[PDB]
>>> print(open('model-v3.txt').read())   # compact mmCIF, C-alpha atoms and all ligand atoms
# COMPACT_ATOMS: atom_id res chain seq x y z
CA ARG J 1 13.67 15.49 -13.37
CA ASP J 2 11.22 13.08 -11.73
CA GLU J 3 8.13 15.26 -12.33
CA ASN J 4 9.31 16.16 -15.85
CA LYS J 5 10.07 12.55 -16.87
CA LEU J 6 7.47 12.59 -19.67
CA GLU J 7 9.06 15.72 -21.21
CA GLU J 8 12.44 13.93 -21.15
CA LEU J 9 11.01 10.86 -22.90
CA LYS J 10 9.23 12.99 -25.49
CA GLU J 11 12.47 14.88 -26.21
CA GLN J 12 14.38 11.58 -26.25
CA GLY J 13 11.99 10.07 -28.79
CA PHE J 14 11.56 6.74 -26.94
CA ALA J 15 10.86 4.96 -23.66
CA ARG J 16 13.04 2.08 -22.50
CA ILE J 17 10.87 -0.90 -21.51
CA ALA J 18 11.74 -4.18 -19.80
CA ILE J 19 10.33 -7.44 -21.25
CA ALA J 20 11.03 -11.19 -20.87
CA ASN J 21 10.12 -12.73 -24.28
CA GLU J 22 7.16 -14.90 -23.17
CA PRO J 23 4.34 -14.96 -25.75
CA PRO J 24 1.63 -13.80 -25.69
CA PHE J 25 2.69 -11.28 -23.00
CA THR J 26 5.87 -10.22 -24.87
CA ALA J 27 7.51 -11.43 -28.07
CA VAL J 28 10.39 -10.41 -30.34
CA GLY J 29 10.27 -10.86 -34.12
CA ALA J 30 13.23 -11.93 -36.27
CA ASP J 31 13.66 -8.29 -37.37
CA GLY J 32 13.71 -7.13 -33.74
CA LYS J 33 10.13 -5.83 -33.65
CA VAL J 34 8.87 -6.18 -30.10
CA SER J 35 5.22 -7.18 -29.83
CA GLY J 36 2.97 -9.21 -27.55
CA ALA J 37 0.10 -7.71 -25.58
CA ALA J 38 2.07 -5.76 -22.99
CA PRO J 39 4.46 -3.95 -25.42
CA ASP J 40 1.58 -3.37 -27.89
CA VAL J 41 -0.51 -1.57 -25.25
CA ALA J 42 2.56 0.31 -23.97
CA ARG J 43 3.65 1.35 -27.45
CA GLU J 44 0.18 2.72 -28.23
CA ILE J 45 -0.06 4.75 -25.01
CA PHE J 46 3.46 6.16 -25.33
CA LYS J 47 2.66 7.18 -28.90
CA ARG J 48 -0.46 8.98 -27.64
CA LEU J 49 1.71 10.72 -25.04
CA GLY J 50 4.02 11.89 -27.87
CA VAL J 51 6.80 9.34 -27.31
CA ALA J 52 7.37 7.95 -30.83
CA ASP J 53 8.96 4.56 -30.03
CA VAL J 54 9.66 1.97 -27.34
CA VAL J 55 13.10 0.37 -26.95
CA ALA J 56 12.90 -3.09 -25.34
CA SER J 57 15.48 -4.83 -23.13
CA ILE J 58 15.11 -8.59 -22.35
CA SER J 59 15.85 -9.90 -18.88
CA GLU J 60 14.61 -12.60 -16.51
CA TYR J 61 11.76 -11.42 -14.26
CA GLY J 62 13.89 -11.13 -11.10
CA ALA J 63 16.04 -8.41 -12.68
CA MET J 64 13.17 -6.10 -13.69
CA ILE J 65 12.28 -4.19 -10.53
CA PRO J 66 15.99 -3.77 -9.58
CA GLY J 67 16.80 -2.26 -13.02
CA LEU J 68 13.73 -0.03 -12.86
CA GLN J 69 14.71 1.24 -9.40
CA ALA J 70 18.29 1.73 -10.66
CA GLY J 71 16.90 3.92 -13.46
CA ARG J 72 18.00 1.61 -16.27
CA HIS J 73 14.54 1.37 -17.82
CA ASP J 74 11.52 3.68 -17.88
CA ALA J 75 8.76 1.08 -17.47
CA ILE J 76 8.34 -2.66 -16.98
CA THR J 77 5.85 -3.86 -19.59
CA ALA J 78 6.17 -7.60 -19.30
CA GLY J 79 3.13 -9.12 -17.60
CA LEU J 80 4.77 -8.39 -14.23
CA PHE J 81 1.80 -9.32 -12.07
CA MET J 82 0.73 -7.00 -9.23
CA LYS J 83 1.39 -8.16 -5.68
CA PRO J 84 1.62 -6.29 -2.37
CA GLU J 85 5.46 -6.69 -2.28
CA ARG J 86 5.87 -5.47 -5.85
CA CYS J 87 3.32 -2.68 -5.35
CA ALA J 88 5.51 -1.35 -2.51
CA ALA J 89 8.58 -1.14 -4.81
CA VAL J 90 7.09 0.38 -7.99
CA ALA J 91 4.33 2.72 -9.19
CA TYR J 92 1.90 0.51 -11.15
CA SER J 93 -0.65 1.59 -13.70
CA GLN J 94 -4.21 0.26 -13.50
CA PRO J 95 -4.67 -3.42 -14.53
CA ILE J 96 -4.01 -4.54 -18.10
CA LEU J 97 -3.23 -8.26 -18.59
CA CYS J 98 -4.97 -10.86 -16.42
CA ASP J 99 -4.23 -14.59 -16.28
CA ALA J 100 -4.34 -17.76 -14.21
CA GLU J 101 -1.35 -20.08 -13.67
CA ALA J 102 -0.80 -23.37 -15.51
CA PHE J 103 1.42 -26.49 -15.45
CA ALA J 104 3.10 -28.25 -18.35
CA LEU J 105 3.32 -31.91 -17.31
CA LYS J 106 4.21 -35.36 -18.63
CA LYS J 107 1.33 -36.96 -20.56
CA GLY J 108 -1.02 -38.73 -18.13
CA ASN J 109 0.29 -36.61 -15.22
CA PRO J 110 2.00 -39.66 -13.62
CA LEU J 111 2.84 -37.84 -10.38
CA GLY J 112 -0.75 -36.54 -10.04
CA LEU J 113 0.40 -32.93 -9.70
CA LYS J 114 -2.59 -30.53 -9.78
CA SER J 115 -1.55 -27.89 -7.20
CA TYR J 116 1.68 -26.39 -5.84
CA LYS J 117 0.96 -28.34 -2.64
CA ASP J 118 1.08 -31.60 -4.62
CA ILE J 119 4.63 -30.71 -5.64
CA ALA J 120 5.61 -29.85 -2.07
CA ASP J 121 4.19 -33.21 -0.87
CA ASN J 122 6.29 -35.34 -3.27
CA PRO J 123 10.05 -35.15 -2.46
CA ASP J 124 10.91 -36.37 -5.97
CA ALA J 125 8.99 -33.60 -7.74
CA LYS J 126 10.93 -30.73 -9.22
CA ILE J 127 9.18 -27.69 -10.68
CA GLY J 128 10.71 -25.37 -13.27
CA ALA J 129 9.74 -21.70 -13.21
CA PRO J 130 11.08 -18.28 -14.18
CA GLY J 131 13.42 -16.82 -11.54
CA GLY J 132 11.80 -14.03 -9.51
CA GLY J 133 8.42 -15.00 -10.96
CA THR J 134 5.01 -15.51 -9.33
CA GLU J 135 5.11 -19.27 -9.99
CA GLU J 136 8.44 -19.65 -8.22
CA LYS J 137 7.09 -17.78 -5.17
CA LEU J 138 3.88 -19.87 -5.15
CA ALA J 139 5.99 -23.07 -5.16
CA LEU J 140 8.15 -21.79 -2.29
CA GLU J 141 5.05 -20.64 -0.31
CA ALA J 142 3.45 -24.09 -0.73
CA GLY J 143 6.53 -25.57 0.92
CA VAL J 144 8.50 -26.80 -2.09
CA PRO J 145 12.14 -26.61 -0.89
CA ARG J 146 14.44 -24.19 -2.74
CA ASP J 147 16.41 -27.06 -4.30
CA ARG J 148 13.25 -28.47 -5.96
CA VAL J 149 12.23 -25.10 -7.44
CA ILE J 150 14.39 -24.92 -10.54
CA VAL J 151 15.00 -21.60 -12.29
CA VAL J 152 14.16 -21.76 -16.03
CA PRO J 153 15.31 -18.83 -18.27
CA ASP J 154 12.57 -19.17 -20.93
CA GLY J 155 9.71 -21.28 -22.30
CA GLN J 156 11.62 -23.30 -24.91
CA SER J 157 14.21 -24.31 -22.26
CA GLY J 158 11.43 -25.20 -19.79
CA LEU J 159 9.84 -27.55 -22.30
CA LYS J 160 13.24 -29.09 -23.10
CA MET J 161 13.89 -29.67 -19.37
CA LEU J 162 10.46 -31.28 -18.99
CA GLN J 163 11.04 -33.47 -22.07
CA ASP J 164 14.55 -34.43 -20.82
CA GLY J 165 13.32 -35.28 -17.32
CA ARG J 166 15.25 -32.54 -15.48
CA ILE J 167 11.93 -31.24 -14.11
CA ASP J 168 8.50 -32.85 -13.55
CA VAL J 169 6.43 -29.73 -14.12
CA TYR J 170 6.99 -26.36 -15.77
CA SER J 171 4.79 -23.49 -14.62
CA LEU J 172 3.83 -20.29 -16.50
CA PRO J 173 0.56 -18.38 -17.01
CA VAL J 174 -2.16 -20.36 -18.84
CA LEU J 175 -1.85 -18.31 -22.04
CA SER J 176 1.97 -18.70 -22.09
CA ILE J 177 1.89 -22.47 -21.49
CA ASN J 178 -0.83 -23.00 -24.14
CA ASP J 179 1.09 -20.95 -26.71
CA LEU J 180 4.38 -22.74 -25.99
CA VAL J 181 2.88 -26.27 -26.02
CA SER J 182 0.87 -25.65 -29.21
CA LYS J 183 4.12 -24.66 -30.98
CA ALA J 184 6.15 -27.54 -29.54
CA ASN J 185 4.39 -30.41 -31.29
CA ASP J 186 5.05 -32.83 -28.42
CA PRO J 187 2.40 -35.50 -27.74
CA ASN J 188 4.20 -36.51 -24.52
CA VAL J 189 3.52 -33.13 -22.87
CA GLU J 190 0.20 -32.21 -21.25
CA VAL J 191 -1.30 -28.97 -19.90
CA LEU J 192 -3.10 -28.57 -16.58
CA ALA J 193 -4.87 -25.20 -16.30
CA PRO J 194 -5.55 -23.53 -14.11
CA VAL J 195 -3.39 -24.74 -11.23
CA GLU J 196 -5.68 -25.63 -8.35
CA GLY J 197 -5.43 -23.24 -5.38
CA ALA J 198 -3.35 -20.67 -7.29
CA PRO J 199 -4.43 -17.00 -7.48
CA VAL J 200 -5.47 -15.29 -10.68
CA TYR J 201 -3.18 -12.32 -11.28
CA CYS J 202 -3.27 -9.12 -13.33
CA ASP J 203 -0.35 -6.99 -14.43
CA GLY J 204 0.08 -3.30 -15.21
CA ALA J 205 2.97 -1.24 -16.48
CA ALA J 206 5.38 -0.51 -13.59
CA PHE J 207 7.18 2.83 -13.19
CA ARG J 208 9.82 4.10 -10.79
CA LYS J 209 8.13 5.43 -7.60
CA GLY J 210 9.48 8.92 -8.31
CA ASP J 211 8.04 8.81 -11.85
CA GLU J 212 4.42 8.99 -10.57
CA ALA J 213 3.57 11.87 -12.93
CA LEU J 214 4.45 9.62 -15.91
CA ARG J 215 2.37 6.79 -14.38
CA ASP J 216 -0.60 9.25 -14.11
CA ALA J 217 -0.27 10.27 -17.77
CA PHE J 218 -0.03 6.63 -18.85
CA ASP J 219 -3.13 5.89 -16.76
CA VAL J 220 -5.16 8.73 -18.32
CA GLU J 221 -4.59 7.18 -21.78
CA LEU J 222 -5.20 3.61 -20.56
CA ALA J 223 -8.61 4.68 -19.21
CA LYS J 224 -9.54 6.21 -22.58
CA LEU J 225 -8.48 3.01 -24.38
CA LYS J 226 -10.62 0.96 -21.97
CA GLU J 227 -13.63 3.29 -22.41
CA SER J 228 -13.49 3.38 -26.24
CA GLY J 229 -12.99 -0.39 -26.63
CA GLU J 230 -9.55 0.07 -28.17
CA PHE J 231 -8.03 -1.68 -25.12
CA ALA J 232 -9.99 -4.86 -25.96
CA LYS J 233 -9.04 -4.57 -29.66
CA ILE J 234 -5.35 -4.65 -28.71
CA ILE J 235 -5.21 -7.39 -26.04
CA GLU J 236 -8.05 -9.77 -26.96
CA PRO J 237 -6.39 -11.08 -30.20
CA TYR J 238 -3.65 -12.34 -27.82
CA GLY J 239 -6.22 -14.25 -25.71
CA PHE J 240 -6.66 -11.83 -22.82
CA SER J 241 -9.99 -10.70 -21.34
CA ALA J 242 -10.59 -6.95 -21.24
CA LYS J 243 -13.56 -7.60 -18.94
CA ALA J 244 -11.24 -9.17 -16.32
CA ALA J 245 -8.88 -6.17 -16.27
CA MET J 246 -11.80 -3.73 -16.30
CA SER J 247 -13.44 -5.62 -13.37
CA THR J 248 -10.62 -4.72 -10.96
CA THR J 249 -8.22 -1.96 -9.82
CA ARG J 250 -4.61 -1.42 -8.79
CA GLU J 251 -5.59 -0.90 -5.14
CA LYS J 252 -7.62 -4.16 -4.97
CA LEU J 253 -4.82 -6.24 -6.55
CA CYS J 254 -2.23 -4.55 -4.31
CA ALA J 255 -4.23 -4.84 -1.06
CA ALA J 256 -3.16 -6.95 1.92
CA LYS J 257 -5.50 -9.81 0.96
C1 LIG J 301 3.81 -12.98 -17.66
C2 LIG J 301 4.46 -13.70 -16.46
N1 LIG J 301 4.42 -13.09 -15.20
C3 LIG J 301 5.01 -13.77 -14.03
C4 LIG J 301 5.37 -12.75 -12.95
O1 LIG J 301 4.87 -11.61 -12.99
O2 LIG J 301 6.13 -13.05 -12.04
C5 LIG J 301 6.19 -14.62 -14.45
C6 LIG J 301 5.74 -15.64 -15.50
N2 LIG J 301 5.10 -14.94 -16.64
>>> encode(input="model-v3.txt", output="structure tokens")
Amino acid sequence: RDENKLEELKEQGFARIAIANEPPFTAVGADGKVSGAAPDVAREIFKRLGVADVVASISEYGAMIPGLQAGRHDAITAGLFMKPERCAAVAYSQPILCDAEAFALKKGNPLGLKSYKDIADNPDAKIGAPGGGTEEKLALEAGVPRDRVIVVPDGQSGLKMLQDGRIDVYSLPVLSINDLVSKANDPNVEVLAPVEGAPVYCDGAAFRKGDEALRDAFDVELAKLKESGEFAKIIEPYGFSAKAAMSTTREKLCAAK
């Protein structure tokens, strides 16, 4: 049942995927059509594997690995960036979506916040970030106390909290912040990208550890997409660099480094 997971999905007609609704990584249309770069790549590979559709579930990032391990979804296709800790819990594909981290800030950046350390250093500064996300962990690792790292469910709420003064900075990947701010039409909000001292991350699709045969099959198709140039045709309209993903590997991103 673990080694024949692909057969099960093919006979099912669909894979269940976990997403967060954070353009341009993931997005949901009014009609329910899931798109964004991660679901678009995943939908194309699954189709090539003979799985006709993807069925997307929205959750906050902290719920994704748990639900995957619990067998609730078949893959996480959400821009869930690779990290040693995550790599130990799931079977990742090779890299797909790469991005740096950004801040959304008050115009003029009055608190002079340019790094996660800057936030840790100012006891007034509160940062908003998705729960269980890389930004939240980077804030905590820089020494921002738990009570100044504020969980934010989604981008529109993060911007509203920033505008309202409930947080001083909201942090997401560069492409996500730029997309959100450009749609907001708020002259009193300002983007700093990339965050100084922050790592650049890449994601991949994540599978249950026991579903390694499905991960392999997914990876065979991903490699062919990369080789043909079809990979770039899918992700680059969303703002991603195919070169960046193709310059690295799962083992390098997952290494103790
Ligand atoms: C695409 C994205 N990845 C982060 C992560 O993998 O934790 C959370 C904020 N947005």
>>> residues_near_ligand(input="model-v3.txt", ligand="ligand LIG 301 (chain J)", cutoff="9 Å", atoms="only C-alpha atoms and all ligand atoms", output="VMD selection string")
chain J and resid 20 22 to 26 60 to 62 78 to 83 97 99 101 129 to 137 171 to 173 175 to 176 201 to 203
>>> write_last_selection(input="model-v3.txt", atoms="C-alpha atoms", output="PDB file, keeping the file's coordinate frame")
ATOM      1  CA  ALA J  20      11.030 -11.190 -20.870  1.00  0.00           C
ATOM      2  CA  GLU J  22       7.160 -14.900 -23.170  1.00  0.00           C
ATOM      3  CA  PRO J  23       4.340 -14.960 -25.750  1.00  0.00           C
ATOM      4  CA  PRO J  24       1.630 -13.800 -25.690  1.00  0.00           C
ATOM      5  CA  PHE J  25       2.690 -11.280 -23.000  1.00  0.00           C
ATOM      6  CA  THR J  26       5.870 -10.220 -24.870  1.00  0.00           C
ATOM      7  CA  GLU J  60      14.610 -12.600 -16.510  1.00  0.00           C
ATOM      8  CA  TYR J  61      11.760 -11.420 -14.260  1.00  0.00           C
ATOM      9  CA  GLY J  62      13.890 -11.130 -11.100  1.00  0.00           C
ATOM     10  CA  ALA J  78       6.170  -7.600 -19.300  1.00  0.00           C
ATOM     11  CA  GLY J  79       3.130  -9.120 -17.600  1.00  0.00           C
ATOM     12  CA  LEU J  80       4.770  -8.390 -14.230  1.00  0.00           C
ATOM     13  CA  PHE J  81       1.800  -9.320 -12.070  1.00  0.00           C
ATOM     14  CA  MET J  82       0.730  -7.000  -9.230  1.00  0.00           C
ATOM     15  CA  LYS J  83       1.390  -8.160  -5.680  1.00  0.00           C
ATOM     16  CA  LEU J  97      -3.230  -8.260 -18.590  1.00  0.00           C
ATOM     17  CA  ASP J  99      -4.230 -14.590 -16.280  1.00  0.00           C
ATOM     18  CA  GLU J 101      -1.350 -20.080 -13.670  1.00  0.00           C
ATOM     19  CA  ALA J 129       9.740 -21.700 -13.210  1.00  0.00           C
ATOM     20  CA  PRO J 130      11.080 -18.280 -14.180  1.00  0.00           C
ATOM     21  CA  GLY J 131      13.420 -16.820 -11.540  1.00  0.00           C
ATOM     22  CA  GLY J 132      11.800 -14.030  -9.510  1.00  0.00           C
ATOM     23  CA  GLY J 133       8.420 -15.000 -10.960  1.00  0.00           C
ATOM     24  CA  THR J 134       5.010 -15.510  -9.330  1.00  0.00           C
ATOM     25  CA  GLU J 135       5.110 -19.270  -9.990  1.00  0.00           C
ATOM     26  CA  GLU J 136       8.440 -19.650  -8.220  1.00  0.00           C
ATOM     27  CA  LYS J 137       7.090 -17.780  -5.170  1.00  0.00           C
ATOM     28  CA  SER J 171       4.790 -23.490 -14.620  1.00  0.00           C
ATOM     29  CA  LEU J 172       3.830 -20.290 -16.500  1.00  0.00           C
ATOM     30  CA  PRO J 173       0.560 -18.380 -17.010  1.00  0.00           C
ATOM     31  CA  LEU J 175      -1.850 -18.310 -22.040  1.00  0.00           C
ATOM     32  CA  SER J 176       1.970 -18.700 -22.090  1.00  0.00           C
ATOM     33  CA  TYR J 201      -3.180 -12.320 -11.280  1.00  0.00           C
ATOM     34  CA  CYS J 202      -3.270  -9.120 -13.330  1.00  0.00           C
ATOM     35  CA  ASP J 203      -0.350  -6.990 -14.430  1.00  0.00           C
TER      36      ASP J 203
END
>>> atom_distance(input="model-v3.txt", atom1="CA of residue 102 in chain J", atom2="CA of residue 155 in chain J")
12.7 Å
>>> closest_residue(input="model-v3.txt", among="J:36, J:29, J:153, J:143", to="residue 59 in chain J", atoms="only C-alpha atoms")
J:153
>>> residues_around(input="model-v3.txt", residues="residue 255 in chain J", least_positions_apart="6", cutoff="12 Å", atoms="only C-alpha atoms", output="ChimeraX atom specification")
/J:82-88,248-249
>>> closest_residue(input="model-v3.txt", among="J:6, J:125, J:15, J:54", to="residue 34 in chain J", atoms="only C-alpha atoms")
J:54
>>> axis_aligned_box(input="model-v3.txt", around="range 237-244 of chain J", padding_each_side="8 Å", output="JSON")
{"center_x": -8.6, "center_y": -10.6, "center_z": -23.3, "size_x": 25.9, "size_y": 23.3, "size_z": 29.9}
>>> residues_near_point(input="model-v3.txt", point="(2.0, -7.5, -28.8)", cutoff="10 Å", atoms="only C-alpha atoms", output="JSON, numbers by chain")
{"J": [23, 24, 25, 26, 27, 28, 33, 34, 35, 36, 37, 38, 39, 40, 41, 42, 43, 234, 235, 237, 238]}
>>> residues_around(input="model-v3.txt", residues="residue 205 in chain J", least_positions_apart="5", cutoff="7 Å", atoms="only C-alpha atoms", output="list in words")
residues 75, 76, 77, 92 and 93 of chain J
>>> closest_residue(input="model-v3.txt", among="J:98, J:177, J:46, J:167", to="residue 111 in chain J", atoms="all atoms listed in the file")
J:167
>>> closest_residue(input="model-v3.txt", among="J:44, J:179, J:227, J:168", to="residue 110 in chain J", atoms="only C-alpha atoms")
J:168
>>> atom_distance(input="model-v3.txt", atom1="CA of residue 91 in chain J", atom2="CA of residue 5 in chain J")
13.7 Å
